[PDB]
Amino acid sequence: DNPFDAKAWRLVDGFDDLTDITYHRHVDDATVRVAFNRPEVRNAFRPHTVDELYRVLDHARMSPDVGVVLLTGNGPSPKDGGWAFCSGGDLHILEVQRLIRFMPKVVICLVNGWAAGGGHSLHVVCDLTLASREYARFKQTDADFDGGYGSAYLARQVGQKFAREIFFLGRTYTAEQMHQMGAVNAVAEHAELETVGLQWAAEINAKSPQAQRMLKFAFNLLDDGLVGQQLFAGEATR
């Protein structure tokens, strides 16, 4: 029961050299799948991982025919059978966060397992998050810090009380709990996570691309100040 359905994806030309990240383009949809490929180490990212992740996402950003990015983690671990989206630290990861934030495409994080530390922050900055009911685990390790989108932005999803709780105590939360607080859009059966992700991607791609771009930047504008204004006005310039 692996979330990954190989038949639905094709490798993107120009990335045979990837080792820490897998990059696929859907066989029919204007959707790509970017995933951490280090299950043995719970998909923790090392400097090299960040470089590939940035390269891949930047390429997706510039792909005219791609309207949705599915960001997830491959699994399970061959070592213990566990599941992880991204366990965090082992080009800065902050640049990856901004790339996700600023790209004119909807980025959906598919939390298939542990999402801790920097991995948790990556999920927070994504536009939407779908999570495995059985294996998704949310834990902000930091304080055990990310004073940017990792934290402050979480408050714009679950509220100041819950956000402070998540960070100050660093407890572990399930997909359902995070859904109740407002940080997870929907909970899905583990085996169905990616299938549900592709359904959401399809509904998004079925609408006006220009409208989707404008909307994303309109939502960003609320908290990104001048940068947010630049991107929205930039798209207004057509």
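Position 1 is the first residue in the sequence shown; the rest follow in order.
- Counting the deposited residues that fall between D90 and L91 and carry no coordinates gives a value of 10 or more.
- Unmodelled stretch separating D144 from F145: 1 to 3 residues (count of deposited-sequence residues without coordinates).
- When the mean C-alpha temperature factors of 6-14 and 217-225 are read from the deposited coordinates, 6-14 comes out higher.
- Per the PDB record, of the two stretches 24-32 and 198-206, 24-32 carries the greater mean B-factor over its C-alpha atoms.
- The PDB entry gives the largest Cα B-factor of the residues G148, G117, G159, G73 to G148.
- The residue among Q97, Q140, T129, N112 whose C-alpha carries the highest B-factor in the deposited model is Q140.
- In the deposited entry, the Cα temperature factor of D80 sits in the top third of values across the chain's modelled residues.
- Per-chain ranking of the deposited C-alpha B factor places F45 in the highest third.
- The PDB entry assigns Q180 a C-alpha temperature factor belonging to the middle third of its chain's modelled residues.
- Sort the modelled residues of the chain by CA B factor and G67 lands in the middle third.
- Ranked by C-alpha B-factor against the other modelled residues of its chain, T174 falls in the lowest third.
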